[PDB]
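Each residue of the sequence shown is one higher than the one before, starting from 1 at the first, in the deposited numbering.
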Amino acid sequence: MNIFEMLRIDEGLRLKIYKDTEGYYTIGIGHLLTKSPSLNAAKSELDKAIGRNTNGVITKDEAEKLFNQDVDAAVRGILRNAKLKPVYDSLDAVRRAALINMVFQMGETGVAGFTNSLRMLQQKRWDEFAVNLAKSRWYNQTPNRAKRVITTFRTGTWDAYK
Ligand SMILES: [Cl-]
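Following this line, the structure appears as structure tokens:
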């Protein structure tokens with residue numbers, strides 16, 4: 001099991017534009033198009049991203065390319081984040097995945113603003129960071145997913161995904 005497997009599951013796969021839970025144009029494996037409410041606008045960005053005239057739909061492979069880049073970008077954003085790095089650098093492998101999953105979902109910045117839960121993760125105080133992350137808009141907006149992620153951080157295992 002690894003980050004790729006993890007997020008594919010957490011995000012699913014769509015070949016067609018779709019709207020998320022926040023109601024945003026999205027595609028593939030949680031690949032955010034635009035926050036704007038113009039399907040057109042979303043079509044353009046999709047085109048720009050795929051590099052061809054898509055007319056709203058991509059292929060699996062296309063989806064997969066966006067995804068690999070999306071995971072790469074998340075990794076680099078972590079490594080480049082002054083708040084994120086050390087955290088990341090201090091966790092074992094399962095947990096870095098979890099850190100990566102959240103960054104994928106909210107952005108360096110977003111994730112970087114959980115400064116209290118970050119310390120805790122730093123102290124390796126699983127149980128409490130966990131309680132802490134739960135008091136998040138994030139946890140209530142999408143509790144099941146949020147729970148897997150948080151369990152993964154807590155335990156440092158993949159049980160939530162098996
Ligand atoms: Cl792109």
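Backbone N, C-alpha and C define an ideal beta-carbon position, used for all residues, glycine too.
For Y18, the secondary structure class from DSSP, reduced to helix, strand or coil, is strand. Remark: C-beta atoms of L7 and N101 approach each other more closely than 8 Å. Residue side-chain check: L66 places its Cβ nearer than 7 Å to a non-hydrogen atom of ligand 1.
Non-local C-beta neighbours of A130 in its own chain, meaning closer than 6 Å and more than five positions away in sequence, comprise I150 and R154, ordered along the chain. Remark: the C-beta of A130 is outside contact range of ligand 1, defined as less than 7 Å to any heavy atom.
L32 is bridged by DSSP to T26. Nearest in C-alpha terms to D10, of all of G23, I78, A98 and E62, is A98.
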